[PDB]
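Source file upload_37.pdb; content: PDB, C-alpha atoms.
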```pdb
ATOM      1  CA  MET K   1     -10.866  -8.981  20.446  1.00  0.00           C
ATOM      2  CA  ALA K   2     -11.481 -12.095  18.275  1.00  0.00           C
ATOM      3  CA  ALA K   3      -8.308 -12.938  16.285  1.00  0.00           C
ATOM      4  CA  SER K   4     -10.180 -13.147  12.946  1.00  0.00           C
ATOM      5  CA  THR K   5     -13.265 -10.885  12.858  1.00  0.00           C
ATOM      6  CA  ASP K   6     -11.687  -7.895  14.626  1.00  0.00           C
ATOM      7  CA  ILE K   7     -13.351  -4.715  13.333  1.00  0.00           C
ATOM      8  CA  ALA K   8     -15.824  -5.851  10.597  1.00  0.00           C
ATOM      9  CA  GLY K   9     -16.739  -2.335   9.377  1.00  0.00           C
ATOM     10  CA  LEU K  10     -13.131  -1.549   8.403  1.00  0.00           C
ATOM     11  CA  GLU K  11     -12.957  -4.894   6.565  1.00  0.00           C
ATOM     12  CA  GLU K  12     -16.195  -3.959   4.765  1.00  0.00           C
ATOM     13  CA  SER K  13     -14.826  -0.582   3.599  1.00  0.00           C
ATOM     14  CA  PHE K  14     -11.666  -2.440   2.492  1.00  0.00           C
ATOM     15  CA  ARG K  15     -13.844  -4.604   0.209  1.00  0.00           C
ATOM     16  CA  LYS K  16     -15.652  -1.457  -1.035  1.00  0.00           C
ATOM     17  CA  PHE K  17     -12.335  -0.117  -2.402  1.00  0.00           C
ATOM     18  CA  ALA K  18     -10.844  -3.578  -3.142  1.00  0.00           C
ATOM     19  CA  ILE K  19     -13.559  -4.874  -5.519  1.00  0.00           C
ATOM     20  CA  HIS K  20     -13.570  -1.432  -7.219  1.00  0.00           C
ATOM     21  CA  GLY K  21     -13.331  -2.748 -10.791  1.00  0.00           C
ATOM     22  CA  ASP K  22     -13.338  -6.542 -10.327  1.00  0.00           C
ATOM     23  CA  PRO K  23     -15.960  -8.153  -7.962  1.00  0.00           C
ATOM     24  CA  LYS K  24     -14.244 -11.578  -8.276  1.00  0.00           C
ATOM     25  CA  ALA K  25     -11.171 -10.301  -6.373  1.00  0.00           C
ATOM     26  CA  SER K  26     -13.294 -10.797  -3.196  1.00  0.00           C
ATOM     27  CA  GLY K  27     -11.143  -8.402  -1.149  1.00  0.00           C
ATOM     28  CA  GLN K  28      -7.609  -9.797  -0.773  1.00  0.00           C
ATOM     29  CA  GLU K  29      -5.578  -6.816  -2.058  1.00  0.00           C
ATOM     30  CA  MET K  30      -5.743  -3.094  -2.929  1.00  0.00           C
ATOM     31  CA  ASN K  31      -3.854  -0.923  -5.477  1.00  0.00           C
ATOM     32  CA  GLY K  32      -2.225   2.487  -4.909  1.00  0.00           C
ATOM     33  CA  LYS K  33      -5.115   4.400  -6.529  1.00  0.00           C
ATOM     34  CA  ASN K  34      -7.921   2.848  -4.456  1.00  0.00           C
ATOM     35  CA  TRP K  35      -5.751   3.160  -1.300  1.00  0.00           C
ATOM     36  CA  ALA K  36      -5.056   6.836  -2.117  1.00  0.00           C
ATOM     37  CA  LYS K  37      -8.801   7.477  -2.585  1.00  0.00           C
ATOM     38  CA  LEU K  38      -9.574   5.495   0.611  1.00  0.00           C
ATOM     39  CA  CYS K  39      -7.577   8.068   2.614  1.00  0.00           C
ATOM     40  CA  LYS K  40      -9.248  10.939   0.696  1.00  0.00           C
ATOM     41  CA  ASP K  41     -12.877   9.758   1.196  1.00  0.00           C
ATOM     42  CA  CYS K  42     -12.103   9.119   4.898  1.00  0.00           C
ATOM     43  CA  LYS K  43      -9.950  12.290   5.112  1.00  0.00           C
ATOM     44  CA  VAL K  44      -7.212  10.338   6.939  1.00  0.00           C
ATOM     45  CA  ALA K  45      -4.800  12.171   4.624  1.00  0.00           C
ATOM     46  CA  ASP K  46      -5.483  15.514   6.334  1.00  0.00           C
ATOM     47  CA  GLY K  47      -2.496  17.249   4.697  1.00  0.00           C
ATOM     48  CA  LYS K  48      -1.216  18.543   8.067  1.00  0.00           C
ATOM     49  CA  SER K  49       0.118  15.158   9.277  1.00  0.00           C
ATOM     50  CA  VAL K  50      -0.587  12.754   6.393  1.00  0.00           C
ATOM     51  CA  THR K  51      -0.226  14.182   2.853  1.00  0.00           C
ATOM     52  CA  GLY K  52      -0.995  12.577  -0.520  1.00  0.00           C
ATOM     53  CA  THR K  53       2.678  11.782  -1.244  1.00  0.00           C
ATOM     54  CA  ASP K  54       3.172  10.348   2.277  1.00  0.00           C
ATOM     55  CA  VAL K  55       0.160   8.041   1.648  1.00  0.00           C
ATOM     56  CA  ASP K  56       1.878   6.724  -1.522  1.00  0.00           C
ATOM     57  CA  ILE K  57       5.135   6.294   0.416  1.00  0.00           C
ATOM     58  CA  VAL K  58       3.455   4.124   3.083  1.00  0.00           C
ATOM     59  CA  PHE K  59       1.896   1.987   0.323  1.00  0.00           C
ATOM     60  CA  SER K  60       5.301   1.745  -1.431  1.00  0.00           C
ATOM     61  CA  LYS K  61       6.964   0.737   1.885  1.00  0.00           C
ATOM     62  CA  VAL K  62       4.618  -1.933   3.329  1.00  0.00           C
ATOM     63  CA  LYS K  63       4.231  -3.853   0.011  1.00  0.00           C
ATOM     64  CA  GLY K  64       7.796  -5.214  -0.152  1.00  0.00           C
ATOM     65  CA  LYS K  65       7.218  -7.776  -2.974  1.00  0.00           C
ATOM     66  CA  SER K  66       7.271  -5.077  -5.746  1.00  0.00           C
ATOM     67  CA  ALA K  67       3.478  -5.618  -6.099  1.00  0.00           C
ATOM     68  CA  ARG K  68       1.038  -3.161  -7.738  1.00  0.00           C
ATOM     69  CA  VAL K  69      -1.171  -4.000  -4.718  1.00  0.00           C
ATOM     70  CA  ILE K  70      -0.918  -4.766  -0.960  1.00  0.00           C
ATOM     71  CA  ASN K  71      -2.692  -7.586   0.938  1.00  0.00           C
ATOM     72  CA  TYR K  72      -5.093  -7.056   3.910  1.00  0.00           C
ATOM     73  CA  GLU K  73      -2.311  -7.777   6.468  1.00  0.00           C
ATOM     74  CA  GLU K  74      -0.125  -5.016   4.962  1.00  0.00           C
ATOM     75  CA  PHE K  75      -3.211  -2.771   4.757  1.00  0.00           C
ATOM     76  CA  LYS K  76      -3.808  -2.993   8.520  1.00  0.00           C
ATOM     77  CA  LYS K  77      -0.026  -2.553   8.896  1.00  0.00           C
ATOM     78  CA  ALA K  78      -0.294   0.639   6.790  1.00  0.00           C
ATOM     79  CA  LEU K  79      -3.192   1.758   9.032  1.00  0.00           C
ATOM     80  CA  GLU K  80      -0.872   1.433  12.066  1.00  0.00           C
ATOM     81  CA  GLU K  81       1.546   3.752  10.199  1.00  0.00           C
ATOM     82  CA  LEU K  82      -1.053   6.493   9.481  1.00  0.00           C
ATOM     83  CA  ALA K  83      -2.421   5.941  13.006  1.00  0.00           C
ATOM     84  CA  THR K  84       0.997   6.718  14.577  1.00  0.00           C
ATOM     85  CA  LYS K  85       1.210   9.739  12.227  1.00  0.00           C
ATOM     86  CA  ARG K  86      -1.870  11.359  13.860  1.00  0.00           C
ATOM     87  CA  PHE K  87      -3.011   9.480  17.021  1.00  0.00           C
ATOM     88  CA  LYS K  88       0.503   9.005  18.470  1.00  0.00           C
ATOM     89  CA  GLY K  89       1.013   9.368  22.240  1.00  0.00           C
ATOM     90  CA  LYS K  90      -2.275   7.614  23.084  1.00  0.00           C
ATOM     91  CA  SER K  91      -2.918   3.890  23.713  1.00  0.00           C
ATOM     92  CA  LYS K  92      -1.846   1.658  20.781  1.00  0.00           C
ATOM     93  CA  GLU K  93      -5.326   0.069  20.621  1.00  0.00           C
ATOM     94  CA  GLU K  94      -7.134   3.449  20.808  1.00  0.00           C
ATOM     95  CA  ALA K  95      -4.998   4.941  18.004  1.00  0.00           C
ATOM     96  CA  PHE K  96      -5.638   1.923  15.738  1.00  0.00           C
ATOM     97  CA  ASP K  97      -9.403   1.676  16.457  1.00  0.00           C
ATOM     98  CA  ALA K  98      -9.631   5.484  16.029  1.00  0.00           C
ATOM     99  CA  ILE K  99      -8.135   5.682  12.508  1.00  0.00           C
ATOM    100  CA  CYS K 100     -10.330   2.698  11.531  1.00  0.00           C
ATOM    101  CA  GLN K 101     -13.315   4.536  13.076  1.00  0.00           C
ATOM    102  CA  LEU K 102     -12.675   7.345  10.540  1.00  0.00           C
ATOM    103  CA  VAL K 103     -12.927   4.812   7.654  1.00  0.00           C
ATOM    104  CA  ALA K 104     -15.246   1.887   8.575  1.00  0.00           C
ATOM    105  CA  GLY K 105     -18.642   1.886   6.832  1.00  0.00           C
ATOM    106  CA  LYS K 106     -18.018   4.237   3.881  1.00  0.00           C
ATOM    107  CA  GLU K 107     -17.635   3.479   0.147  1.00  0.00           C
ATOM    108  CA  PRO K 108     -15.451   4.912  -2.754  1.00  0.00           C
ATOM    109  CA  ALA K 109     -17.610   8.046  -3.346  1.00  0.00           C
ATOM    110  CA  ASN K 110     -18.077  11.349  -1.443  1.00  0.00           C
ATOM    111  CA  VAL K 111     -21.871  11.462  -2.021  1.00  0.00           C
ATOM    112  CA  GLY K 112     -21.289  11.875  -5.782  1.00  0.00           C
ATOM    113  CA  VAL K 113     -19.362   9.299  -7.845  1.00  0.00           C
ATOM    114  CA  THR K 114     -16.095  10.091  -9.690  1.00  0.00           C
ATOM    115  CA  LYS K 115     -16.692  10.687 -13.426  1.00  0.00           C
ATOM    116  CA  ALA K 116     -13.828   8.784 -15.118  1.00  0.00           C
ATOM    117  CA  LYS K 117     -15.390   7.691 -18.445  1.00  0.00           C
ATOM    118  CA  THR K 118     -12.567   8.385 -20.932  1.00  0.00           C
ATOM    119  CA  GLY K 119      -9.874   5.801 -20.176  1.00  0.00           C
ATOM    120  CA  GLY K 120      -9.921   3.243 -22.994  1.00  0.00           C
ATOM    121  CA  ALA K 121     -10.671  -0.118 -21.321  1.00  0.00           C
ATOM    122  CA  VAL K 122     -11.417  -1.809 -24.680  1.00  0.00           C
ATOM    123  CA  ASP K 123      -7.985  -3.535 -24.643  1.00  0.00           C
ATOM    124  CA  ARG K 124      -9.754  -6.939 -24.351  1.00  0.00           C
ATOM    125  CA  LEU K 125      -7.045  -9.038 -26.066  1.00  0.00           C
ATOM    126  CA  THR K 126      -8.047 -12.139 -23.973  1.00  0.00           C
ATOM    127  CA  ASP K 127      -4.397 -12.315 -22.777  1.00  0.00           C
ATOM    128  CA  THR K 128      -5.299  -9.292 -20.574  1.00  0.00           C
ATOM    129  CA  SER K 129      -5.900 -10.810 -17.090  1.00  0.00           C
ATOM    130  CA  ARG K 130      -7.386 -13.891 -18.822  1.00  0.00           C
ATOM    131  CA  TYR K 131      -8.182 -15.431 -15.384  1.00  0.00           C
ATOM    132  CA  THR K 132      -8.230 -19.075 -16.587  1.00  0.00           C
ATOM    133  CA  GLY K 133      -4.778 -19.503 -18.164  1.00  0.00           C
ATOM    134  CA  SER K 134      -2.689 -16.583 -16.827  1.00  0.00           C
ATOM    135  CA  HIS K 135      -1.531 -17.207 -13.212  1.00  0.00           C
ATOM    136  CA  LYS K 136      -2.841 -17.586  -9.638  1.00  0.00           C
ATOM    137  CA  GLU K 137      -1.030 -17.288  -6.271  1.00  0.00           C
ATOM    138  CA  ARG K 138       0.897 -20.513  -5.503  1.00  0.00           C
ATOM    139  CA  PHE K 139       0.597 -22.158  -2.042  1.00  0.00           C
ATOM    140  CA  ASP K 140       3.380 -20.241  -0.255  1.00  0.00           C
ATOM    141  CA  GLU K 141       1.056 -18.711   2.350  1.00  0.00           C
ATOM    142  CA  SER K 142       2.405 -20.952   5.137  1.00  0.00           C
ATOM    143  CA  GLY K 143       6.155 -20.578   4.502  1.00  0.00           C
ATOM    144  CA  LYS K 144       6.949 -16.928   3.630  1.00  0.00           C
ATOM    145  CA  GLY K 145      10.087 -14.859   4.258  1.00  0.00           C
ATOM    146  CA  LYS K 146      10.251 -13.088   7.638  1.00  0.00           C
ATOM    147  CA  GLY K 147      11.246  -9.583   6.536  1.00  0.00           C
ATOM    148  CA  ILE K 148      11.372 -10.794   2.902  1.00  0.00           C
ATOM    149  CA  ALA K 149      15.019 -11.949   3.141  1.00  0.00           C
ATOM    150  CA  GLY K 150      17.539  -9.590   4.778  1.00  0.00           C
ATOM    151  CA  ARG K 151      15.025  -7.220   6.475  1.00  0.00           C
ATOM    152  CA  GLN K 152      16.080  -4.469   3.970  1.00  0.00           C
ATOM    153  CA  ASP K 153      14.841  -0.947   4.881  1.00  0.00           C
ATOM    154  CA  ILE K 154      17.107   2.020   3.972  1.00  0.00           C
ATOM    155  CA  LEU K 155      20.815   2.213   3.006  1.00  0.00           C
ATOM    156  CA  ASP K 156      20.963   6.041   2.912  1.00  0.00           C
ATOM    157  CA  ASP K 157      24.496   7.511   3.278  1.00  0.00           C
ATOM    158  CA  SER K 158      26.004  10.972   4.011  1.00  0.00           C
ATOM    159  CA  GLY K 159      26.837  11.216   0.285  1.00  0.00           C
ATOM    160  CA  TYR K 160      29.945   9.018  -0.282  1.00  0.00           C
ATOM    161  CA  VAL K 161      33.092  11.096   0.459  1.00  0.00           C
ATOM    162  CA  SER K 162      36.257  10.502  -1.642  1.00  0.00           C
ATOM    163  CA  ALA K 163      39.778  11.387  -0.403  1.00  0.00           C
ATOM    164  CA  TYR K 164      40.850  14.741  -1.958  1.00  0.00           C
ATOM    165  CA  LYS K 165      38.306  14.044  -4.752  1.00  0.00           C
ATOM    166  CA  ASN K 166      39.354  12.395  -8.067  1.00  0.00           C
ATOM    167  CA  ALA K 167      39.563   8.844  -6.580  1.00  0.00           C
ATOM    168  CA  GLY K 168      38.833   6.977  -9.831  1.00  0.00           C
ATOM    169  CA  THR K 169      37.931   9.281 -12.752  1.00  0.00           C
ATOM    170  CA  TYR K 170      35.753  11.312 -10.338  1.00  0.00           C
ATOM    171  CA  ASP K 171      32.810  10.032  -8.254  1.00  0.00           C
ATOM    172  CA  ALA K 172      31.888   7.000 -10.403  1.00  0.00           C
ATOM    173  CA  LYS K 173      29.134   5.786  -8.024  1.00  0.00           C
ATOM    174  CA  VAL K 174      28.463   2.183  -9.257  1.00  0.00           C
ATOM    175  CA  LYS K 175      28.941   3.664 -12.755  1.00  0.00           C
ATOM    176  CA  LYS K 176      28.877   0.463 -14.881  1.00  0.00           C
ATOM    177  CA  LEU K 177      32.491  -0.572 -14.070  1.00  0.00           C
ATOM    178  CA  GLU K 178      32.676  -1.366 -10.325  1.00  0.00           C
TER     179      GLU K 178
END
```
Please go through the file and, once you have read it, give me the structure as structure tokens.
Amino acid sequence: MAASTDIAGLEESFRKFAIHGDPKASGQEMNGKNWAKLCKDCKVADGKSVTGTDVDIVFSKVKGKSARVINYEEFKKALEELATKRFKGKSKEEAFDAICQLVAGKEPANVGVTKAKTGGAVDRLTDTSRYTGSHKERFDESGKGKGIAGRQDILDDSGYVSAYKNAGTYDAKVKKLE
């Protein structure tokens, strides 16, 4: 419903964790830490279906462009993932709205805030972030790569079997000389 302002509350909670640190980011992306906490605060990572590691895996999968952070589109794509982890078997819409229902409205803090005062953030060398002078996203929002380039998911093999062993000074799997 409404291809733009779909859920609202979910988008609000996204901002809550997105602007965690920098309020000028608006709410375009989210890093692995804030995303990990997002699941924790909303207890989407229940441990029985979705564990901490699995949450980091999803984040490491959907991103694609290396990226310390994922954009809103890939966030709602990640939600579909965790949704199918728990609410699978039901209606696609219900599963998606359900997982969002467990998140929407809350902020990065289970009643009490997380005491983290100890990490030296005094590294203000001006070069750090810098805003005006470093770099901003170039206009490539219209023409992006469908599946990055070659789709690229997993190239996992049985373990590379060599005839009667030996082969070439033992199993030199892409060992420098190839």
With the cut-off set at 12 Å and counting all atoms listed in the file, tabulate each residue of region 39-122 of chain K with an atom at most that distance from an atom of region 128-149 of chain K, showing the nearest atom pair and its distance in Å to one decimal, ordered by chain and increasing number, as JSON lines.
```
{"residue": "K:62", "atom": "CA", "partner": "K:147", "partner_atom": "CA", "distance": 10.6}
{"residue": "K:63", "atom": "CA", "partner": "K:148", "partner_atom": "CA", "distance": 10.4}
{"residue": "K:64", "atom": "CA", "partner": "K:148", "partner_atom": "CA", "distance": 7.3}
{"residue": "K:65", "atom": "CA", "partner": "K:148", "partner_atom": "CA", "distance": 7.8}
{"residue": "K:66", "atom": "CA", "partner": "K:148", "partner_atom": "CA", "distance": 11.1}
{"residue": "K:71", "atom": "CA", "partner": "K:141", "partner_atom": "CA", "distance": 11.8}
{"residue": "K:121", "atom": "CA", "partner": "K:128", "partner_atom": "CA", "distance": 10.7}
{"residue": "K:122", "atom": "CA", "partner": "K:128", "partner_atom": "CA", "distance": 10.5}
```
Atomic separation - CA of residue 96 (chain K) relative to CA of residue 52 (chain K), Å: 20.0 Å
Applying the PyMOL selection byres ((chain K and resi 40-48) around 10) to the file I just gave you, which residues come out? Please list them as a JSON list (two decimals) with C-alpha atoms, in the frame of the given file.
```
[["chain", "number", "residue", "atom", "x", "y", "z"],
["K", 34, "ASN", "CA", -7.92, 2.85, -4.46],
["K", 35, "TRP", "CA", -5.75, 3.16, -1.30],
["K", 36, "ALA", "CA", -5.06, 6.84, -2.12],
["K", 37, "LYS", "CA", -8.80, 7.48, -2.58],
["K", 38, "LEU", "CA", -9.57, 5.50, 0.61],
["K", 39, "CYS", "CA", -7.58, 8.07, 2.61],
["K", 49, "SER", "CA", 0.12, 15.16, 9.28],
["K", 50, "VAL", "CA", -0.59, 12.75, 6.39],
["K", 51, "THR", "CA", -0.23, 14.18, 2.85],
["K", 52, "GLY", "CA", -1.00, 12.58, -0.52],
["K", 53, "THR", "CA", 2.68, 11.78, -1.24],
["K", 54, "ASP", "CA", 3.17, 10.35, 2.28],
["K", 55, "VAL", "CA", 0.16, 8.04, 1.65],
["K", 79, "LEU", "CA", -3.19, 1.76, 9.03],
["K", 82, "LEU", "CA", -1.05, 6.49, 9.48],
["K", 83, "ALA", "CA", -2.42, 5.94, 13.01],
["K", 85, "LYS", "CA", 1.21, 9.74, 12.23],
["K", 86, "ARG", "CA", -1.87, 11.36, 13.86],
["K", 99, "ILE", "CA", -8.14, 5.68, 12.51],
["K", 100, "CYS", "CA", -10.33, 2.70, 11.53],
["K", 101, "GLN", "CA", -13.32, 4.54, 13.08],
["K", 102, "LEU", "CA", -12.68, 7.34, 10.54],
["K", 103, "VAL", "CA", -12.93, 4.81, 7.65],
["K", 104, "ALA", "CA", -15.25, 1.89, 8.57],
["K", 105, "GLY", "CA", -18.64, 1.89, 6.83],
["K", 106, "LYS", "CA", -18.02, 4.24, 3.88],
["K", 107, "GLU", "CA", -17.64, 3.48, 0.15],
["K", 108, "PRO", "CA", -15.45, 4.91, -2.75],
["K", 109, "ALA", "CA", -17.61, 8.05, -3.35],
["K", 110, "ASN", "CA", -18.08, 11.35, -1.44],
["K", 111, "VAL", "CA", -21.87, 11.46, -2.02]]
```
Which of K:61, K:154, K:73, K:20 sits closest to residue 4 (chain K) [using only C-alpha atoms]: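 Counting only C-alpha atoms, the residue closest to residue 4 (chain K) is K:73.
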For residue 28 (chain K): contacts at 12 Å, all atoms listed in the file, fewer than 3 positions along chain excluded, given as a ChimeraX atom specification: /K:11-12,14-19,22-25,31,69-75,137
Atom-to-atom span, CA of residue 118 (chain K) and CA of residue 21 (chain K), Å: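 Going from CA of residue 118 (chain K) over to CA of residue 21 (chain K) covers 15.1 Å.
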Nearest to residue 58 (chain K) by atom-to-atom distance, counting only C-alpha atoms, from K:76, K:165, K:117, K:90: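 Going through K:76, K:165, K:117, K:90 one by one, the smallest distance to residue 58 (chain K) is for K:76.
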Between CA of residue 153 (chain K) and CA of residue 59 (chain K), distance in Å (one decimal): 14.0 Å
Which residue of K:26, K:93, K:150, K:177 approaches residue 6 (chain K) most closely, using all atoms listed in the file: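 The answer is K:93, which sits nearest to residue 6 (chain K).
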Counting all atoms listed in the file, the residue of K:161, K:174, K:95, K:1 that sits nearest residue 80 (chain K):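 So, comparing all the options, the nearest one is K:95.
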Quick test: take region 4-93 of chain K, keep C-alpha atoms, and write it as a PDB file, in the first residue's frame.
```pdb
ATOM      1  CA  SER K   4       6.719   5.278  -1.045  1.00  0.00           C
ATOM      2  CA  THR K   5       5.354   5.656   2.510  1.00  0.00           C
ATOM      3  CA  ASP K   6       4.695   1.953   3.142  1.00  0.00           C
ATOM      4  CA  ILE K   7       5.108   1.275   6.873  1.00  0.00           C
ATOM      5  CA  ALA K   8       6.232   4.619   8.439  1.00  0.00           C
ATOM      6  CA  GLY K   9       6.963   3.219  11.931  1.00  0.00           C
ATOM      7  CA  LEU K  10       9.613   0.814  10.599  1.00  0.00           C
ATOM      8  CA  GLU K  11      11.182   3.707   8.659  1.00  0.00           C
ATOM      9  CA  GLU K  12      11.186   5.743  11.892  1.00  0.00           C
ATOM     10  CA  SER K  13      12.990   3.006  13.867  1.00  0.00           C
ATOM     11  CA  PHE K  14      15.444   2.752  10.939  1.00  0.00           C
ATOM     12  CA  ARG K  15      16.284   6.451  11.436  1.00  0.00           C
ATOM     13  CA  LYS K  16      16.583   5.867  15.217  1.00  0.00           C
ATOM     14  CA  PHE K  17      19.450   3.408  14.588  1.00  0.00           C
ATOM     15  CA  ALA K  18      20.710   5.152  11.408  1.00  0.00           C
ATOM     16  CA  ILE K  19      21.396   8.621  12.891  1.00  0.00           C
ATOM     17  CA  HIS K  20      22.987   6.894  15.929  1.00  0.00           C
ATOM     18  CA  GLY K  21      26.167   9.001  15.968  1.00  0.00           C
ATOM     19  CA  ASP K  22      25.630  11.448  13.081  1.00  0.00           C
ATOM     20  CA  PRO K  23      22.227  13.288  12.770  1.00  0.00           C
ATOM     21  CA  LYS K  24      23.228  14.708   9.341  1.00  0.00           C
ATOM     22  CA  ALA K  25      23.130  11.210   7.775  1.00  0.00           C
ATOM     23  CA  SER K  26      19.304  11.667   7.705  1.00  0.00           C
ATOM     24  CA  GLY K  27      18.665   7.913   7.467  1.00  0.00           C
ATOM     25  CA  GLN K  28      20.031   6.549   4.173  1.00  0.00           C
ATOM     26  CA  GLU K  29      22.250   3.722   5.493  1.00  0.00           C
ATOM     27  CA  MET K  30      23.053   1.586   8.564  1.00  0.00           C
ATOM     28  CA  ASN K  31      26.273  -0.119   9.788  1.00  0.00           C
ATOM     29  CA  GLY K  32      26.698  -3.692  11.076  1.00  0.00           C
ATOM     30  CA  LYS K  33      26.749  -2.615  14.746  1.00  0.00           C
ATOM     31  CA  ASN K  34      23.512  -0.591  14.682  1.00  0.00           C
ATOM     32  CA  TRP K  35      21.846  -3.337  12.573  1.00  0.00           C
ATOM     33  CA  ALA K  36      23.024  -5.995  15.066  1.00  0.00           C
ATOM     34  CA  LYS K  37      21.609  -3.946  17.974  1.00  0.00           C
ATOM     35  CA  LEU K  38      18.381  -3.305  15.996  1.00  0.00           C
ATOM     36  CA  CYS K  39      17.710  -7.070  15.995  1.00  0.00           C
ATOM     37  CA  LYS K  40      18.654  -7.294  19.706  1.00  0.00           C
ATOM     38  CA  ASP K  41      16.391  -4.425  20.916  1.00  0.00           C
ATOM     39  CA  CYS K  42      13.531  -5.858  18.800  1.00  0.00           C
ATOM     40  CA  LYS K  43      14.513  -9.457  19.706  1.00  0.00           C
ATOM     41  CA  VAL K  44      14.206 -10.492  16.035  1.00  0.00           C
ATOM     42  CA  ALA K  45      17.470 -12.375  16.620  1.00  0.00           C
ATOM     43  CA  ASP K  46      15.760 -14.903  18.912  1.00  0.00           C
ATOM     44  CA  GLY K  47      18.713 -17.329  18.858  1.00  0.00           C
ATOM     45  CA  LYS K  48      16.457 -20.283  17.935  1.00  0.00           C
ATOM     46  CA  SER K  49      15.947 -19.229  14.285  1.00  0.00           C
ATOM     47  CA  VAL K  50      18.025 -16.047  13.897  1.00  0.00           C
ATOM     48  CA  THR K  51      21.330 -15.921  15.837  1.00  0.00           C
ATOM     49  CA  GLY K  52      23.830 -13.067  16.222  1.00  0.00           C
ATOM     50  CA  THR K  53      26.241 -14.516  13.626  1.00  0.00           C
ATOM     51  CA  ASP K  54      23.373 -15.160  11.165  1.00  0.00           C
ATOM     52  CA  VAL K  55      22.359 -11.469  11.542  1.00  0.00           C
ATOM     53  CA  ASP K  56      25.917 -10.428  10.547  1.00  0.00           C
ATOM     54  CA  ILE K  57      25.821 -12.875   7.623  1.00  0.00           C
ATOM     55  CA  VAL K  58      22.599 -11.345   6.234  1.00  0.00           C
ATOM     56  CA  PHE K  59      24.159  -7.867   6.522  1.00  0.00           C
ATOM     57  CA  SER K  60      27.354  -9.143   4.819  1.00  0.00           C
ATOM     58  CA  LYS K  61      25.254 -10.726   2.015  1.00  0.00           C
ATOM     59  CA  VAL K  62      22.752  -7.979   1.061  1.00  0.00           C
ATOM     60  CA  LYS K  63      25.381  -5.165   0.967  1.00  0.00           C
ATOM     61  CA  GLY K  64      27.232  -6.368  -2.150  1.00  0.00           C
ATOM     62  CA  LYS K  65      29.315  -3.179  -2.750  1.00  0.00           C
ATOM     63  CA  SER K  66      31.843  -4.029   0.053  1.00  0.00           C
ATOM     64  CA  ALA K  67      30.264  -1.178   2.099  1.00  0.00           C
ATOM     65  CA  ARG K  68      30.572  -0.747   5.893  1.00  0.00           C
ATOM     66  CA  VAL K  69      26.829   0.059   5.677  1.00  0.00           C
ATOM     67  CA  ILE K  70      23.659  -0.986   3.771  1.00  0.00           C
ATOM     68  CA  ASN K  71      21.039   1.340   2.215  1.00  0.00           C
ATOM     69  CA  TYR K  72      17.290   1.338   3.122  1.00  0.00           C
ATOM     70  CA  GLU K  73      16.411  -0.848   0.081  1.00  0.00           C
ATOM     71  CA  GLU K  74      18.891  -3.536   1.218  1.00  0.00           C
ATOM     72  CA  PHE K  75      17.627  -3.100   4.798  1.00  0.00           C
ATOM     73  CA  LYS K  76      14.052  -3.997   3.805  1.00  0.00           C
ATOM     74  CA  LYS K  77      15.602  -6.780   1.685  1.00  0.00           C
ATOM     75  CA  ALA K  78      17.411  -8.021   4.829  1.00  0.00           C
ATOM     76  CA  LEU K  79      14.072  -7.847   6.700  1.00  0.00           C
ATOM     77  CA  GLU K  80      12.565 -10.202   4.077  1.00  0.00           C
ATOM     78  CA  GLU K  81      15.459 -12.592   4.867  1.00  0.00           C
ATOM     79  CA  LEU K  82      14.897 -12.605   8.671  1.00  0.00           C
ATOM     80  CA  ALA K  83      11.139 -12.708   7.987  1.00  0.00           C
ATOM     81  CA  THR K  84      11.482 -15.949   5.954  1.00  0.00           C
ATOM     82  CA  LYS K  85      13.733 -17.278   8.756  1.00  0.00           C
ATOM     83  CA  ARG K  86      10.852 -17.107  11.296  1.00  0.00           C
ATOM     84  CA  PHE K  87       7.477 -16.297   9.629  1.00  0.00           C
ATOM     85  CA  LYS K  88       7.930 -18.689   6.670  1.00  0.00           C
ATOM     86  CA  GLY K  89       4.915 -20.675   5.419  1.00  0.00           C
ATOM     87  CA  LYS K  90       2.502 -17.752   5.897  1.00  0.00           C
ATOM     88  CA  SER K  91       1.512 -15.022   3.397  1.00  0.00           C
ATOM     89  CA  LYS K  92       4.514 -13.040   2.060  1.00  0.00           C
ATOM     90  CA  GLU K  93       2.885  -9.733   3.094  1.00  0.00           C
TER      91      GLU K  93
END
```
